[PDB]
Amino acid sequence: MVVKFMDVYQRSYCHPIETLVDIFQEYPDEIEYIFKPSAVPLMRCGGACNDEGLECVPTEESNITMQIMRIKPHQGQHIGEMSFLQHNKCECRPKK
């Protein structure tokens, strides 16, 4: 079959999407660590907007705490809680 355009557009439109997010990218100051897993799944805004003058951005957010394996040379592996930001609501906004 074929997905009809209106259906394709609505499902591709700006909304919260579970996304794999690199841990080190979120915690840029932890330069001595390697994390396992290296990326975790987090709800993040993504998708289209009606006119190019707009971008998909969060209008509501919250945090989630996860146990992450933190590995630094000579310190063996540690399992530690790390907090990550999630997007609960998304809307199209003018590119500032």
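Heads up: residue numbers just count along the shown sequence, starting at 1.
Peer 1: Determine, for stretches 33-41 and 51-59, which one has the higher mean CA B-factor as deposited.
Peer 2: On average, C-alpha B-factors are higher across 51-59.
Peer 1: Looking at the entry, does 64-72 or 42-50 show the higher mean C-alpha B-factor?
Peer 2: The stretch with the larger average C-alpha B-factor is 42-50.
Peer 1: Can you tell me which third, lowest, middle or highest, the CA B-factor of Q10 falls into for its chain?
Peer 2: CA B-factor rank for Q10: highest third.
Peer 1: Lowest, middle or highest third: where is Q86 by C-alpha B factor in its chain?
Peer 2: Tercile = lowest for this residue's CA B-factor.
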